[PDB]
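Only one chain is given next, in C-alpha cells, and it is the form deposited in one PDB entry.
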C-alpha cells in the first residue's frame, strides 16, 4: 500500500516487533521446566542417527500458527512493495509448512531480505501461545534416546535456528537432541533447504553420519521423505496428520509423532 505516513508507520511496525521480541525472549528466560534449555552446540563408528523435522512434526499443525503467521505476513506485505499479492497468498499457505523453502525463490530474486523477513514475521510470533511443554513427547523421545539403538537424535529443519531453538525450549525437549541442522538465512541469497540434496549433505556432515543406511528420518513433507529414501536412508517415516503431494513408496505412514514406538519398535 501507498500510505500517508510511511516513515512513522514502518518505525511503528519495527518498534512493535522490537517490543514483542523482547517479551518473547523474557518469556523463554522465565522457563524452569525440564527441556527448557538447549544442551547441545550449534554450528559445530557404525554411528546411527535419527533425523527429526521440527515444525508440524514435533508439534501438531496449528491453525492458530497459520493464522498468526498470516497476520504477520499481511503486515509485512503491506509494508514491502516488492511482494506481489500472489507471493503473499502463497506464503500464507506455505511459510508455516516449508519455512526457508517457501522464501527461497523470493530471496534469490531479491524480493525479500531473509533476515528482515525472519525477524518481522517469524521471531515476532508469540509461539509460546501455542507451543507448551509436551510430556508424552518428552517421554517418547527419552525412550528412543536411552534404548541403545540410536547414537544421535538430530534436528533437521527448514526454519532458521532461533525459530527451531524456541520450538525445542517451549516444548520442553531441548535436552533430548545432539545437534541441529537448520536453514541458514544469514549470508547467502541462495538458501539451502529440504527437499534439496545439498540440505541432506549438510545434515549428514554436521551430524557426523557416514552412510545413509545408518540414517532414520521423520518429516511431514512427502518430497523431503522422497529425497531421504532415494539417498538410501534405512527407514523414512512420512507424517500425515490429516489424510484429507503423496507418500513415496517405501515410507512408513503415521499421523502423530507419538506413533513412532509403534511403527519402528526395534529402535525403542
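Positions refer to the first chain, counted from 1. Between two forms, the rigid core is the largest collection of C-alphas that superpose within 1.5 Å.
In this entry, residue 244 and residue 245 are separated by 4 to 9 residues of the deposited sequence that lack coordinates. Unmodelled stretch separating residue 44 from residue 45: 4 to 9 residues (count of deposited-sequence residues without coordinates). For the pair 169-177 and 106-114, the mean B factor over Cα atoms is greater in 106-114.
Of the two stretches examined, 139-147 and 186-194, the record assigns the greater average C-alpha temperature factor to 186-194. Residue-level inspection of the entry shows that, of 227, 221, 62, 235, 62 has the top Cα B-factor. Annotation for 83, 121, 159, 127: 83 ranks highest, by Cα B-factor. Ranked by C-alpha B-factor against the other modelled residues of its chain, residue 101 falls in the lowest third. Residue 18 sits in the lowest third of its chain by CA B factor, as recorded in the PDB entry.
Residue 11 sits in the highest third of its chain by CA B factor, as recorded in the PDB entry. Ranked against the other modelled residues of its chain, the C-alpha B-factor of residue 54 as given in the entry falls in the lowest third. The PDB entry assigns residue 73 a C-alpha temperature factor belonging to the highest third of its chain's modelled residues.
This protein has a second form, the form deposited in another entry, left out of what is shown; the following refers to that one.
Of the residues listed here (117, 160, 154, 77), only one shifts its CA by 2 angstroms or more between the shown form and the other one after fitting on the rigid core, and it is 77. After superposition on the rigid core, displacement of the C-alpha of residue 64 between the shown form and the other one amounts to 2 Å or more.
The rigid-core alignment places the CA of residue 139 less than 2 Å apart between the shown form and the other one. Residue 172 is not among the residues whose C-alpha shifts by 2 Å or more between the shown form and the other one once the rigid core is aligned; its shift stays under 2 Å. Compared with the form shown here, the Cα atoms of residue 56 and residue 66 move at least 3 Å closer together in the other entry. Compared with the form shown here, the Cα atoms of residue 90 and residue 158 move at least 3 Å farther apart in the other entry.
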